[PDB]
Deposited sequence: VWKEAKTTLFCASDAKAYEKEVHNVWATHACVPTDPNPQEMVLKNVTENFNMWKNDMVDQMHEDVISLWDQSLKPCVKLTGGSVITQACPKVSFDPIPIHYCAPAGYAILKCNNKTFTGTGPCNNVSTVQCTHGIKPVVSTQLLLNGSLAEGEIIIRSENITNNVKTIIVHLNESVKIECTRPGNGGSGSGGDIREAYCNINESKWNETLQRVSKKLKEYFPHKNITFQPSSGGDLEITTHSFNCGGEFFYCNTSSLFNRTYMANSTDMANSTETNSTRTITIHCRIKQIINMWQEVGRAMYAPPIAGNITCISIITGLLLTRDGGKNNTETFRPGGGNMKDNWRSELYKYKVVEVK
């Protein structure tokens, strides 16, 4: 176990291996957020028998700390891909604050890349594995209500973001055209950009956002959402990354689609720089 709730020390001349897809911490966070989700049950007190009885789901930066006998190592290389040996590594008592945001397609309120846009993956050949993209410059998205709702994005900032992401994806597939298409199918949770905002689940259609084909100012995009749990409701989130899934490689093109659904991908995007070891 790893206890969930400020000191750090660098380890001079130490090299320890990290594996993005084999991380006991990502397994831990997945179980802990599942446990907190399951608390949509009535609390209980006791007088004679089991007598059955704050909707503040709003995320707060939580931390994962090392219990006695265990330590947490952190990779200080800010371009670290997730898998392989890290040269610059330190012992930290607790991980940085992590807002446990459960969104699909777009990663909201996370940490930005240090430098350029980063594909957080040693290799993206495996089509089954989700591609975690980390953006260096954030993109605002205002979602509002008066059932149904809508979201707005700057447009010139969005189609610019996808252009810089397509150039950086083309580094992995040189001499290949990079295309984006909407989600190919499945449940509404994954086919749309879904997320929780003050007791409300949104399901925003992203077909207009992901329909670009890249060869080798005050305008906005408005996307419609379905709502399922005040008259007016609003969220002003910040897109910090994307979750993509690659189709089967065709002739001279590579198609990417917004992915999600696996809640472990959301925790991989933040915990890719940590590892639990024994003291």
- [ ] Mind pulling out the bits of the deposited sequence that never got modelled, as residue ranges from 1?
- [x] 1-7, 13-37, 86-90, 184-194, 265-276, 290-306, 357
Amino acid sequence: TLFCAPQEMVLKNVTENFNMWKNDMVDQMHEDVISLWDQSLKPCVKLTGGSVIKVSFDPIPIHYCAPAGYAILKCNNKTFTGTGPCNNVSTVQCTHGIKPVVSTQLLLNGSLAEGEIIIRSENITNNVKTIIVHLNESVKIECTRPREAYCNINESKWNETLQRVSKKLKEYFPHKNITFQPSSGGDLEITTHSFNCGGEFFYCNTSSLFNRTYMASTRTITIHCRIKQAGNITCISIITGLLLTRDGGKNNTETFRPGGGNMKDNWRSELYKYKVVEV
From here on, numbers count along this sequence of modelled residues.
TODO: Output the stretch having the higher mean C-alpha B factor in the entry; the candidates are 85-93 and 181-189.
DONE: 85-93
Task: Between the two ranges 203-211 and 123-131, the one averaging a larger CA B factor in the entry - done: 203-211
TODO: Kindly indicate the residue among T255, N23, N13, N266 with the greatest C-alpha B-factor in the PDB record.
DONE: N13
- [ ] State the tercile, meaning the lowest, middle or highest third, of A68 with respect to the CA B-factors recorded for its chain.
- [x] middle
Open item on the list: Could you place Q229 in the lowest, middle or highest third of its chain by Cα temperature factor, using the values in the record?
Closed with: highest
Open item on the list: Split into thirds by Cα B-factor across the chain's modelled residues, where does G198 land: lowest, middle or highest?
Closed with: highest
- [ ] Sort the modelled residues of this chain by their C-alpha B factor and say whether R246 lands in the lowest, middle or highest third.
- [x] lowest
- [ ] Could you look up the Cα B-factor of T104 in the entry and say which third of the chain it sits in: lowest, middle or highest?
- [x] lowest
